[PDB]
Structure formats: C-alpha cells, structure tokens
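These notes concern the structure reproduced below.
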Amino acid sequence: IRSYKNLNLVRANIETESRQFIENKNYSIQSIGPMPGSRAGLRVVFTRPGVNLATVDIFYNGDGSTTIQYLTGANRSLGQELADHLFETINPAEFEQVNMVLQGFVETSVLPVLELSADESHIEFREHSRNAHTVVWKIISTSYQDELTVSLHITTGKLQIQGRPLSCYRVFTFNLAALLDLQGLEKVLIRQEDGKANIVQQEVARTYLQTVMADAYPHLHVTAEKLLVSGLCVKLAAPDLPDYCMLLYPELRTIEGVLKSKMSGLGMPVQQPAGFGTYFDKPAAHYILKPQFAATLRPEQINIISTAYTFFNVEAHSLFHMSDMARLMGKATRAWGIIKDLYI
Amino acid sequence: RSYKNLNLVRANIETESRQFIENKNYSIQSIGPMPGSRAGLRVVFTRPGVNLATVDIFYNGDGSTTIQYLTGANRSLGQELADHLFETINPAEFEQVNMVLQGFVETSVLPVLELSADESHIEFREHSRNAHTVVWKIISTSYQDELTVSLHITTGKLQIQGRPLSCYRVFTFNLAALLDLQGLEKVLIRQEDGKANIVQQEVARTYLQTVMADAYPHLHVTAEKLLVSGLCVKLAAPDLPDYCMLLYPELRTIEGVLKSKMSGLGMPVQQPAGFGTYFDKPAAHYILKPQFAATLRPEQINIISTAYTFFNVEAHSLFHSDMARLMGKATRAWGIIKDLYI
C-alpha cells in the first residue's frame with residue numbers, strides 16, 4: 001500500500017511534527033532520541049494506556065532521503081499511525097521526478113529566462129559548470145529543499161531539465177512558456193515525452209477561442225494567438241493526470257502579455273526591478289490601485305485592472321507555492337473573460 | 001492523373017463528347033462502335049491545322065469504362081476529351097467504403113434502413129438471409145448508387161460496402177444517432193484508425209456549453225453525447241478534403257429538436273406524413289403553413305422556419321479552408337439549436 005523508504009522530509013521539522021502528532025493523539029511518550037550506533041536518525045518509542053510499546057526508527061540515509069521503520073517493537077499497528085502521518089506531511093509533487101530534453105535552445109535564450117526566474121523570492125540561480133559542449137545551471141529554493149538542474153548541450157542546442165517538479169520547476173517553466181513551440185509546451189505542462197496535442201485540428205481550437213473572445217479576438221497579438229490556441233490544444237489532448245493545475249499556464253502568461261502592456265500604456269510601466277508592488281496595495285483579498293492612479297483613469301478600467309491583477313499574482317502564489325478538469329476549465333473560462341474585458 | 005479504368009455514365013458518353021467537341025469548336029471525323037471484339041466507342045475528331053485525334057473507350061465486362069487516348073496520331077488533342085470525361089465523374093466514385101461496426105442485430109438495423117428508404121429516390125431490398133449472414137441492398141433511382149449492408153448476426157458485425165454516395169450518406173446520417181464514439185468516428189471520417197477516442201471529453205463539454213449558454217442544460221442527454229462526440233471528431237479529425245459530414249451531429253440534433261418542438265406545438269411529424277405536409281416553400285426561405293401561424297407566436301414561427309430551412313438545405317446539399325467553413329456551419333447550427341429553446 002505504501003513504502004516508507006527514502007522520503008523527502010524537511011529534516012529540521014521531523015521531530016517537531018512527530019511530537020505534535022503524539023500530543024494531538026493524547027498519547028504517552030517512552031523515549032525520543034538519536035539512534036544508537038553510527039547510523040544517523042531518530043528513535044521514537046511511544047505508547048498509550050491500554051496497548052504495548054510502539055517503536056519507530058527514522059534512518060537518515062546519506063542521500064538526504066529519510067527512511068522509516070515502524071515495523072519494529074511490540075506495537076506496529078500503533079507506530080504505523082506516526083509513519084503515515086510523517087509520510088503525508090510531504091508535499092505530493094515531491095514523489096514524482098522530471099527529466100526531459102527540449103531542442104532548439106542557446107545560452108543567449110537561456111540566461112534571460114534564468115534571470116527572469118531569479119527575480120523571485122526564495123528562488124535564486126547559479127552556474128554549476130561550463131565546458132566546451134555543455135553549461136549547467138542550478139536553481140535553489142529556501143522554503144522547500146528544492147533544486148533544479150538546467151543543462152545546455154550547446155553543440156546540439158539541447159536543454160535538459162532535471163529534478164522534481166515543485167515550486168522551482170513551476171516558476172522556470174512558466175517563464176519559459178513564451179518561447180516553447182507547440183510540442184515543447186505540451187512536454188513541459190504534461191511532463192511526458194509522447195504527447196498528443198500536435199494532432200488536434202488547430203482550426204477547431206481557433207474556432208473555440210474565437211467563439212469565446214468575440215470582439216476582443218482580432219485585436220490579439222500573434223504570440224498570444226499561437227500561445228492560447230496551443231494551450232487549448234493541450235487542454236483538449238491532456239492525458240489523465242492527478243492534478244491539472246499547471247494547464248492554466250497559457251492563460252496566465254497571456255495575462256502578463258496584456259496586463260503589463262496596456263498598463264504601460266496608461267503612464268505606469270511595470271519593469272522587472274520596479275515590479276507590480278509600487279502600483280498596488282493589498283487590503284483584504286482583492287488588490288487595489290494606489291490613489292495616485294485613480295485620477296487619470298476611468299473607473300471602469302480601474303475595476304477591470306484591479307480584478308485582473310487580483311486574479312493574477314494570487315494564482316501564481318497558489319500555483320508556485322504549496323473532477324480536477326472541471327476546476328481547470330472554470331479557471332480558464334474566468335481567465336478568458338478577464339483577457340476579453342481588458343480589451344473592451 | 002490516370003485515365004485508365006474509369007466509372008463513366010454510359011448513356012452520356014457519346015453526348016458529353018459531342019457537346020464538349022462543339023464547345024471547343026472542333027470538327028467531327030467519326031463516332032461509332034469499336035471494330036473488333038472489344039465493345040466500346042471509337043471517336044475520331046480533329047480541327048483545322050493538326051492531325052486526326054483518336055480516342056478509344058473500352059466497355060469492360062464489369063460496367064467500368066476505360067479510356068485510351070494514348071492511341072492514334074494526335075494524343076495531345078485526345079487528352080482534352082480524356083480530361084473532360086475524367087472530370088465529369090463525381091469524385092467519390094473513385095473512393096470506396098468498406099467498414100465493420102460491432103454490436104448490431106437485425107431488429108436494430110432494419111429501422112435505420114426503413115428510415116433511409118423514407119426518402120424520395122432511395123430504396124432498399126433484402127438480398128439474402130441464411131443462418132449466419134443477412135444481406136441488404138440500398139439502391140438509388142436518381143443516381144446509380146448501390147450500398148451493401150451485411151449483418152453477421154453470429155458476431156453482431158455490420159459490414160458496410162460500396163461507394164460513399166447518396167446512399168451511404170443517408171444511411172450513416174440515420175445511423176449516427178445509434179453509433180458509439182468509435183463508430184461515429186469511423187463513418188464520419190471514413191477510416192479504420194480514427195483519432196477521436198483520445199479527446200478530453202470534458203473540454204468538448206466546456207466548448208458546447210460555452211456556445212449554448214442558457215439553452216445548454218435544457219438539452220436531451222442523448223443529444224449531449226451526440227454533440228460532444230461530433231465536436232470530438234471535429235477536434236481530432238485527420239486531414240480530409242471535405243468535412244461536410246462532420247456536421248451530421250449538429251444536423252441530426254436539429255432534426256431531433258425540430259420534430260420535438262413541432263410535435264410539442266400540435267403538429268406531429270410522422271414517417272409517412274414526413275416534413276413535407278407541414279411547410280411551404282415560397283422563394284428560398286421556407287415558411288410554416290398558415291393553419292399553424294395562429295396558435296403560435298410569430299417569433300417561434302420564424303425560428304422554426306429558419307431551423308427547417310437549415311435542415312432541408314443542408315441535407316439536400318449532402319445527400320446529392322474547409323475546416324473554417326465547417327466550423328462556421330456548426331456555429332450557425334448551434335445558434336439554431338439554442339434559438340429553438342427560447
């Protein structure tokens with residue numbers, strides 16, 4: 001049912017979580033300490049009035065992984081509660097691994113995306129190595145224990161993305177989506193090598209988007225048209241996944257293409273260092289414009305832009321930090337409504 | 001292009017040749033049967049300044065008709081007649097359809113044949129029936145089309161054979177209401193390795209709902225599955241020259257609601273009575289008959305007249321940038337299906 005070997009546990013919180021679980025269950029404590037011998041880990045022996053002693057060993061493997069042995073002692077039917085609690089304290093995406101190859105990249109197109117992704121909070125990047133053929137960069141997180149390995153074989157133009165799809169991976173691919181072709185975009189969103197979105201009749205997806213956009217359609221940028229049609233192709237060809245929450249990336253990256261742009265046309269450009277923060281405040285959930293901007297603008301436009309930026313950034317935070325298809329399509333329909341409202 | 005082994009309407013070969021020749025302002029040398037044991041038509045024609053163009057037209061034993069312009073002293077001239085006769089052929093005569101649909105029995109196949117025979121120039125017969133295999137023929141009197149329907153009742157297999165023409169189109173249009181996803185796929189795209197079985201049905205559901213709006217939840221469930229599958233086919237459709245059959249869901253949906261609403265407004269459309277007894281045709285747009293404009297609101301009258309105009313026109317054009325055209329038609333049909341619900 002579950003294997004308790006080699007887990008991705010935030011180690012400095014392990015003992016604290018175990019203790020909080022025990023205190024929640026109104027249990028008793030026998031002993032909590034390091035493990036005997038030279039094997040690094042945590043021995044936790046706990047019980048409650050009426051049963052026997054449940055023993056749980058926690059091996060710190062050399063790999064940073066953390067193995068659990070609840071199958072030790074006199075009560076495993078009881079230690080399994082702690083084992084499963086700690087196992088479920090893991091953010092689920094930590095269990096999947098990603099490793100893929102994208103064709104047609106060069107250092108000059110990769111360093112801008114790395115800088116754009118490093119514009120984030122607890123996400124920064126370094127260059128790990130560089131020889132004649134391949135230059136490899138790292139991305140690191142401070143909240144999670146997440147690292148992401150970006151590799152460039154410059155001799156063949158290959159970009160090799162390795163790691164675990166978490167906060168870092170999501171930020172990197174979101175900044176990357178604007179450059180991907182159809183098949184590359186599909187590959188990053190569904191995390192698979194044999195995609196299916198290249199076979200949708202793109203004219204029917206175009207009809208779909210045009211039907212939803214109406215007057216706002218012909219005013220669209222060509223990059224936005226190709227991106228949204230491609231994302232709709234993916235949504236229509238998406239294989240059965242556990243969490244489709246990433247399939248909203250076409251819409252979101254489209255919003256910044258319309259949001260920043262039109263906003264920069266109203267005397268308030270959003271640069272990378274200046275960011276969004278200098279124009280908005282957060283009272284409660286919906287973001288607001290600063291008062292110094294409610295004077296030159298029509299109230300309709302202020303309502304539109306405030307709802308748009310309220311949706312955005314919130315969705316980035318809900319996606320980058322941590323019947324699903326129905327949820328995804330509701331989200332995407334709201335995003336299309338916002339994109340249309342921004343033009344009219 | 002290959003001018004060998006063609007399907008030429010025999011009763012028009014000589015006349016089409018003569019009118020083509022007089023169109024090109026040529027002269028006639030001879031037009032007659034062929035000498036020797038090959039039955040056919042030898043046509044020798046020319047114009048002032050060149051030599052005699054000879055064209056042989058071999059009547060095969062199978063009814064097929066081969067043209068040999070690669071004969072005589074003037075072939076650069078006979079190729080004009082070869083191309084004229086070659087292009088007087090309706091294109092679907094060169095393609096053949098032959099497919100298997102699983103899960104059928106005589107009691108569920110005979111209704112579709114009867115409903116298709118309710119048409120004007122479309123009739124069908126029982127070819128044979130044994131223990132294992134039952135075979136029907138579908139014949140046209142306006143065209144010269146036959147479609148062979150076979151039912152292996154022992155495995156529930158239905159074998160459709162022939163040429164996708166008037167008969168095939170009427171048959172599959174009546175059949176679409178009963179087909180699963182893969183069967184509907186097979187008849188609309190006329191291929192065995194389809195692509196519509198891999199579409200995310202929830203996104204097609206979102207598309208249909210987006211176009212229908214208030215009229216969406218009022219829709220019958222079978223119509224829902226039909227339209228979702230038709231949109232699935234439209235979205236996964238391999239590259240075809242003519243997608244005009246992918247509009248069969250929408251059309252079959254309109255006929256499904258039109259008859260419905262009419263039957264709900266005191267005028268049932270039966271199979272023997274048909275649609276003809278309920279509408280009149282002044283000029284191009286159909287109208288409802290006057291005996292029905294009194295109990296109904298004029299809005300409803302205009303809506304229903306546009307709907308039946310749409311159905312009859314599209315069926316008539318089907319029974320006798322294409323993706324953009326098809327999607328425009330489907331948008332019109334969706335607008336009509338929505339308007340029907342008021």
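Going by the structure tokens order, chains are called A, B, ..., each with residues numbered from 1, while ligands are numbered from 1 in the order shown.
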Worksheet item: Residues of chain A within 6 Å of chain B, using only C-alpha atoms, as a list in words?
Response: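 Here is what falls inside 6 Å: residues 200, 201, 204, 236 and 237 of chain A.
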Write to file, as a compact mmCIF listing (two decimals), in the first residue's frame, the residues of the selection just made, with C-alpha atoms.
# COMPACT_ATOMS: atom_id res chain seq x y z
CA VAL A 200 -5.81 18.44 -32.68
CA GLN A 201 -7.37 20.31 -35.58
CA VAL A 204 -11.36 23.99 -34.47
CA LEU A 236 -8.15 19.14 -25.31
CA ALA A 237 -5.47 16.44 -25.66
Discussion item. I'd like the contact shell of stretch 53-56 of chain A - 6 Å cut-off, only C-alpha atoms, skipping same-chain residues fewer than 3 positions apart - returned as number ranges by chain.
Written reply: A: 44-47, 69-70, 72-76, 78-79
Worksheet entry | Neighbour list for residue B:278 as a PyMOL selection string, cut-off 9 Å, only C-alpha atoms, skip fewer than 6 positions in-chain | chain B and resi 267+269+288-289+292
Fill in: Residue contacts of residue A:291 (12 Å, only C-alpha atoms) excluding same-chain residues fewer than 4 positions away, as a list in words
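Here the qualifying residues turn out to be residues 278, 279, 280, 281, 295, 296, 297 and 302 of chain A.
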Item to complete: Can you work out the spacing between atom CA of residue A:23 and atom CA of residue A:48 in Å, to one decimal?
Response: 11.1 Å
Fill in: Residue with smallest distance to residue B:246 - pool B:44, B:184, B:8, B:13, counting only C-alpha atoms
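Counting only C-alpha atoms, the residue closest to residue B:246 is B:184.
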Discussion item. Residues near stretch 15-22 of chain B, anyone? I mean within 9 Å using only C-alpha atoms, not counting same-chain ones fewer than 2 positions away, as a PyMOL selection string.
Written reply: chain B and resi 11-13+24-28+43+45+81+84-85+88
Worksheet item: Which of these residues is nearest to residue B:66, using only C-alpha atoms: B:302, B:130, B:2, B:317?
Response: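 Checking each of B:302, B:130, B:2, B:317 against residue B:66, counting only C-alpha atoms, the winner is B:2.
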Discussion item. Which of stretch 20-134 of chain A end up as alpha helix (DSSP H) when DSSP is run on this backbone - answer as a ChimeraX atom specification?
Written reply: /A:20-24,76-88,107-118
